[PDB]
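Labels run A, B, C, D, E, F, G, H, I and J following the written order; every chain starts at residue 1.
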Amino acid sequence: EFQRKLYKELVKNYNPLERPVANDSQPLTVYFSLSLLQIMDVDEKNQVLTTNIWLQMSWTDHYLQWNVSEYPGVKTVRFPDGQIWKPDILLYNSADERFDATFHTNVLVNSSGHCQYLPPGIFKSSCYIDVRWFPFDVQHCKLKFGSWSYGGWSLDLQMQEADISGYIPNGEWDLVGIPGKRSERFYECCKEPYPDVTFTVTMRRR
Amino acid sequence: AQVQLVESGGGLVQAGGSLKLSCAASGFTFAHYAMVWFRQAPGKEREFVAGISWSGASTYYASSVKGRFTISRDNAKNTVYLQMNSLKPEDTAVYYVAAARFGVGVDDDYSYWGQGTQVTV
Amino acid sequence: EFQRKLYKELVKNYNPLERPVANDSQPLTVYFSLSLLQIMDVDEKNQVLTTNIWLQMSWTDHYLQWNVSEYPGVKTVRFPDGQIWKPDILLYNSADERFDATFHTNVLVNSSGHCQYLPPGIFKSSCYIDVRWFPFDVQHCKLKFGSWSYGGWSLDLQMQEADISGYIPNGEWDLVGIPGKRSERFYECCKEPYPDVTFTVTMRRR
Amino acid sequence: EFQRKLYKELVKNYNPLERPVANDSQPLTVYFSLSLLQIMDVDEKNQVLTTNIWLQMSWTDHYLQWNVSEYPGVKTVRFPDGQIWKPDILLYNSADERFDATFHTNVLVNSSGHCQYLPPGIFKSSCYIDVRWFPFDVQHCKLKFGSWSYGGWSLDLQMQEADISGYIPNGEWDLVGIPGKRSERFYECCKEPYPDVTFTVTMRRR
Amino acid sequence: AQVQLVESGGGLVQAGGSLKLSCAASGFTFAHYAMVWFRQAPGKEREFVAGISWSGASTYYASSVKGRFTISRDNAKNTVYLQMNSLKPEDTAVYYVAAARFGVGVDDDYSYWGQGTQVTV
Amino acid sequence: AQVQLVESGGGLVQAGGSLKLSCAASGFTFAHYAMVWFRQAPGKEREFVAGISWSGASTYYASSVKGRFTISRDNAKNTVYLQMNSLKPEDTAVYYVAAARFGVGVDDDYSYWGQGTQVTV
Amino acid sequence: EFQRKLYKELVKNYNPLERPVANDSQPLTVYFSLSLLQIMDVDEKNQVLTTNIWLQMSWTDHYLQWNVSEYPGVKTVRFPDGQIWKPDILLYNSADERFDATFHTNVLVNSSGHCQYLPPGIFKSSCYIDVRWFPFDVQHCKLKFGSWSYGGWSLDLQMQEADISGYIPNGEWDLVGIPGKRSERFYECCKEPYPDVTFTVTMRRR
Amino acid sequence: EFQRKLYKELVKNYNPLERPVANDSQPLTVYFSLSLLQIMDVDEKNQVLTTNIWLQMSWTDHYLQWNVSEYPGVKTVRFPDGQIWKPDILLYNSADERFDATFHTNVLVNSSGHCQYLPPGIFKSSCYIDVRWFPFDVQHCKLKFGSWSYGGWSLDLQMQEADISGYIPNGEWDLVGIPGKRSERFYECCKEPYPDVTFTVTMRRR
Amino acid sequence: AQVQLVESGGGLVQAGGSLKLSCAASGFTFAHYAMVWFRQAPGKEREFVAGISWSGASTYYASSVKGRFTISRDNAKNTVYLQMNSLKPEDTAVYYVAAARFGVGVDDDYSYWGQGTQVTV
Amino acid sequence: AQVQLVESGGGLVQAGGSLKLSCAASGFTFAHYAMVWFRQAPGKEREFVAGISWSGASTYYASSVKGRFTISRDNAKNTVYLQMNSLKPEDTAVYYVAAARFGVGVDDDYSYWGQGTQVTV
């Protein structure tokens, strides 16, 4: 069949360590957006917020294009982890002993190389809970995502609005919003700007 | 099927002539492959003769051809060209093309081979 | 012997990344059914339900057929994880730090390619415990299973009735039923419907 | 030396996925016996029993025979995990988040292929603690071992009496016995009987 | 045993003739294999001559055979056929078949080889 | 040492005769190995001639030998036999045995090779 | 493109087990400096201090040099873990069950082989908390970093001043300083001196 | 350089599965000794003792010898885990859920093949805490080390005195000694004696 | 491109003469490569003739050349030299250079090959 | 460098004579290597002639040499010896030694090869 030819052909000359860009002097464009599912817990003795999230990263490969008229029937291909270049996007402020709680899944590609990656996770961020208005409070918590190695001139991260559409209402805390913002910062280690995306969850006490 | 590469322009010419070996391609996306020219003598093995990357400007020639032969490609007509000048008596062998997925032109993992052609000096 | 020839022949041209379907323009059919064994715990301060389960998935390969008259004696072959295509079926609403608690085991195949996969697990789902009728309550908890990458036009999941036949009665909570239902949903990320199977455990307080 | 020739010769034509039996239409014979070392804890709020155990499995390979007169000096060979076929024997009723707490070690073979495998572990079974005679009780706890994939017509498990000879007496609970029994059960998934071995620990309160 | 592939239809014919090389198979399930025809000259190496996938319609011919020869298969009689037309004085070599487990016809990991046959022009 | 395989029974015979090529083995456990007969022509490469698995009944012959030659083994005397009947003028080459650890007779990883023998027709 | 040629050329003759030095009779020079981000917790019943840190080490390879005029566009290359030699720098006094909580990331190299490695981590050190002045105390905690195998005559570690610039102030404890000092000690196991770097966090109670 | 030739040469014909002994009919000699660093905790409700230890085992390979006059500059080579034969020494009486808490590190070999292995770990032993003299007690805890597979006629373990020289005094419990003793025991599984080394920590309450 | 190695100094000389085969390099950093000289006879295969590591002092010669030929390198002019003395009648073959990334001179993974040259005795 | 293996003792002798082929070694620790003798005919490939393990007593000979030739080693003088007796007309070829790190004598991964020698009968 043709699905067995496609997989043998797409990986002829592929180096998982190379940025899949046509002109190697231009930055790739990754699209980032998270999707909340539930506010599992908000600890106050410590300062930690546990949530269920689905990350959404979308880029455009250039070495995984074929012709659906030559390979009839096949219109998408799924690549496991470790065989295709994937962005290294981490959570800067995390309180998990492992520092990374994402559960790796397959990367989905279509006839034009537009790759999609939606890892689920149970993320334990680090927030600041204020109880100076114990009866009523509008707490704001931050989630800061960004690329660790690639940054600036290489991987121009872009933000997409969050998707609160499967949210399951919590008991004590109620959501008020989850705005997002994109920033560019300079660090002491290197001399090239690094972008980042910050999402601000607003939970009001009931 | 229909992944066919057809060569043309062979023949015989005295020392110090000219040739315009050409190779047309069909059946695959010609803009995602880097053609390489190979030459085999009757009593020898395969040898490089030129190579061009898929981007368009990566020409790599051989040491003994560096100054004489010139390689070129045309994506609009799905063709490759190997202009040969100042031919010498030991440039007698079969010339054929070999494609390869996105690559530089230098050693790679070739996929689609071509047909033979005869050039005599 | 013939088992050593069978194992050397069955993996001549096999790509673990390929859907084992004959006509690559048709969807494969997977059969899903869970088997409960015990309700280990039902937390109420948090909202979590811990159970012991055996998943049951059955598909039909097409590249693992042989003739028992040519290979006498051999009537079944067992393949480990990472050498045969296995469906990626996850539990959507999980409260485990790893998000996947299944213990991978072998896949069993017979002379016609009918594969069986029964991973055991101790699953920690997320439920909603209501205590407005503390003396008597009929709590309903949900378990939602589905394919992550493959969905719609590719993997037509089907449901089979649960199997409460080795259940060990609990102390405080008693079972009343575990019905199942199959649904098809549209997500914002893609444009193709995704199926899912939901099992509803009904636990009544004693 | 000869120990370097033996290891290069024994693994010439070996497939770690093959049941090492001479006549592939007959069942292999495995010998199972556990060895207790200490009753580490007996939880009562929950229902769990933590113990320290050494499993003992013994089969007879057929592809690892040599002649000690041709390979002088070498009388035993030790194979790590993943290079020699090992039975997949699990604990059916486990309360550990991983479902398998065994620490894999080497398999020991002698000049006739009689393999020995003694994995140690700290097992957390699931028991039923009755406190209706709180002052005095004779609690019985069960440990059920069996093969997951291989069973019936393939791997005829056999039992050997437990070995309480290094037991370190506990403080509150005192042992009275650890009898064993072998049973043959039919499951709904398949149609071929599966054997199992059950050990009953009897702990009396002090 | 009994995994036997037997070819027939060889012989000698003048330039511009016809031939109906056939190959019967036995001992294995003929519907789970893709036959491929190979040709070897007395002083050369193996070369592709055709190929058909197990499904039934995946014919892949060679560049120097695209327009002349035609490959076909019959699952009911467990046979393969390679109709040869407009033979040239260069098509002189031993032709033999090679099966392979589920495959496309293009390069695979062949399992069962066949016996040689002689065709002269 | 002492892992020695010794051939015998070679010679010359006219077309349509008989032969009883034999091979004795020593130095290794003869009951844990599957002997395979190989034939090499003066101007060709190695080719299968027969094969028997260690169990005792797995005989695999070649396509062009299927009906003429018969292979057998004797564990009591540590010997292998290849009875040859209806010899043709093509069966002229060196025949030698090759053992292999527990195997089927078909392609394996051979360990102990044997010595050559001459058979002419 | 040239990024695919560079990755294929840089790893022609590379042995990840070799010290990347020109004259093998001279010591390599590694540069070490940590960066604090938050004092997550300071336990007192036990003696443990949990912090969020970014290690910073920077050596200079000699086998990863190229010419940016011959490979236009490519000015940096990122190598995953397991393919380029990385120093083995551990925390001598750790209280984590794994003894190493660093999250491995890529190593960044530029046109001259100057490598950078900045692993993040949530480190659990071991401190001595004194409460003889409960209202006011100036507790000092120590973090000792050093190479395990390489030491002396091989890897001349050097220290760089800490970087408290993204510090997020804590609630109860306030920072006063984090000085560093380099020492050279002799151990009983070997006879060659081993260097180490010690950082002293000075937390005052509020 | 020569460090690359040495690494390419030392692993020409090496089988990590073979005992590095010259005459395969004689036992190898391993030297064992632990080094304490701190008594992290002594639980009394349960029976567990947590310590910070450095193991020290030394053997003599015979296949890793070279000539420093032919390979000038190179006087030591470090091999990671999985490429050189290392003794399998475990702690018989462990209370850790994994049964092995050692953190694997490199093996350091010199010009004569004398290897050294010093894995650090946070070991959770199992003790018997007696409180019949609560004001003053001299508790004794045991740590039993030994080889799992290799034992007797193969690996003649030998003991070296412990090294309490970096000990950091604890608060409540004060050390009095850590004697060691070597014993040879017969087990029921096999018929060849197995050696072991037992260290007795003496902790007196303050 | 422009990764070119050009040899020179070939010719013919009677037994017991002298030669100064040289090879210039261009297109790559000459200080990160170890040149190795290879010799191929008309009816034989490739063979070592000498080798020098990138550092500068690692000369490894062959057993049959140990005392006659001497290899040297010049990083300032991007050249390699193979002085040949006391040539014998058996030293007739094509000599060409081969570079390799950081290496010792002994067997390695060569990257850039050179052009042939003819020396006759 | 200086890892040199030098052969000696070649020549010509009538059928049924004697020979004492010897091979001296230098440059490497001779007590950590197992020498193996290889023989190559003018129109054939390499073949085993003998082998001795590093320990001192592991001699493995070939099937066609088992009774005639005898291999030995001397660690004090860094030499190997292959006494040849009852030479026969087909024992004409180049004999050379090959070392290998700690090994048995049977197939290993050889490191240092030697020089050729001529023996004619």
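Descriptive notes on the structure:
Everything below uses one rule, namely that a contact is a pair of C-beta atoms (placed from the backbone, for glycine too) under 8 Å apart; a residue touches a chain by one contact, two chains touch by 3 or more.
Following the contact convention of this document, A is the list of chains adjacent to both subunit B and subunit E.
Looking at C-F alongside C-E, one finds more C-beta pairs in contact between the chains of C-E.
Spacing of subunit C relative to subunit H, judged by their CA centroids, is 44 angstrom. If each chain is reduced to the centroid of its CA atoms, subunit E and subunit G end up 64 Å from each other.
Subunit B and subunit C have centres, each the mean of its CA atoms, that are 55 Å apart. In this assembly, the C-alpha centroid of subunit I lies 30 Å from the C-alpha centroid of subunit J. Residue positions of subunit G touching 2 or more other chains, listed in rising order: 1-2, 4, 13, 22, 96. Counting partner chains per residue, subunit B shows two or more touched chains at residues 55, 102-103.
Note for the complex: subunit F touches subunit E at residues 58-61, 63-64, 66.
The part of subunit B that touches subunit E in the complex is made up of residues 1, 4-6, 114-115. Chain contact summary for the complex, subunit H toward subunit D: residues 13, 15, 17-19, 21-25, 46, 88, 90, 93-100, 126, 148-150, 154, 188-190. Of all residues in subunit E, those touching subunit A in their complex are 53, 55, 102-104, 106.
Across the complex, subunit A meets subunit E through its residues 1-2, 4-5.
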